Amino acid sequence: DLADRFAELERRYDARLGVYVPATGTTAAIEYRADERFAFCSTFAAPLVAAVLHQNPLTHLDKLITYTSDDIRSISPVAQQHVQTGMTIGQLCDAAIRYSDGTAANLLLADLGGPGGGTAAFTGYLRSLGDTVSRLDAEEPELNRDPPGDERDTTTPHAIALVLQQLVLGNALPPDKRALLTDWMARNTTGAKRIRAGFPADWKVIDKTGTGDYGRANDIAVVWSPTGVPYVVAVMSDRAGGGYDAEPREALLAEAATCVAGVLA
């Protein structure tokens, strides 16, 4: 039984684990703590890039954004290297997805604009996709830091799975913009040890990870079977029992994904 397996993983990793896989015509939804809130961490970058793509003509990707020393205040593997030249919106989208670049995410929030440095407009974008649960309240790095149980900067496995389903498999974006989002997630550099690790090599996986304080580790993915049948997989976790400095445990996500893959294979 899946729920027993997931509960065993929670005990193993001193963690809280949330899992959602939407139903298909032949598979029931998989749910474990699916409606409990967990911090987004960088998983929000996927719908953030969708929002920026949706909002603008595609040639907005070529607009140069300049930024300075006081803009680098979070892990930013790409933006730190390009601070002297600026980055285009397309480069920012690439970095935000593929490297979880926090400065890139903050600059994209600013590009979206409006109250809360773009966080209200981001939340509004999710509302437009029928998500009345998720909320973004802070930028990077603060959005990773809310205490366990705090609702700020949270989604749920169920909510984020349904959002990602619309973005990747549905019609939230026109095909040209959808392809940009999907390809950036396909070329992600941060997810090899999470959902990807739980699915056989002949399944395709595209994903966006998140990692935060209090042992937070997330991954949201779309996977395709070897015959092209897609599934959406959201796995979220935290480790409040270890306090603020608890390490994220990628292996919890890999094991959870292995259990999911066993059901879907």
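A residue's number is simply how far along the shown sequence it sits, counting from 1.
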Discussion item. Per the record, averaged over C-alpha atoms, which has the higher B-factor: 75-83 or 155-163?
Written reply: 75-83
Practice prompt. Between 85-93 and 103-111, point out the one with the higher average CA B-factor as the PDB entry records it.
Written response: 85-93
Worksheet item: Between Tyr67, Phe40, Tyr32, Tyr214, which one tops the list for C-alpha B-factor in the PDB entry?
Response: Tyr67
Worksheet item: Of the options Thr119, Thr132, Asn144, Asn188, which has the highest CA B factor as deposited?
Response: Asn188
Worksheet entry | Ranked against its chain, the third holding the CA B-factor of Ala251 | middle
Worksheet item: With respect to C-alpha B-factor, does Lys204 fall in the lowest, middle or highest third of the chain as deposited?
Response: highest
Response to the item:
Chain-relative C-alpha B factor for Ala179 (record values, thirds): the middle
Worksheet item: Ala138's Cα B-factor: lowest, middle or highest third of the chain?
Response: middle
Discussion item. Looking at the temperature factor on the CA atom of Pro47, which third of the chain's modelled residues does it land in?
Written reply: lowest
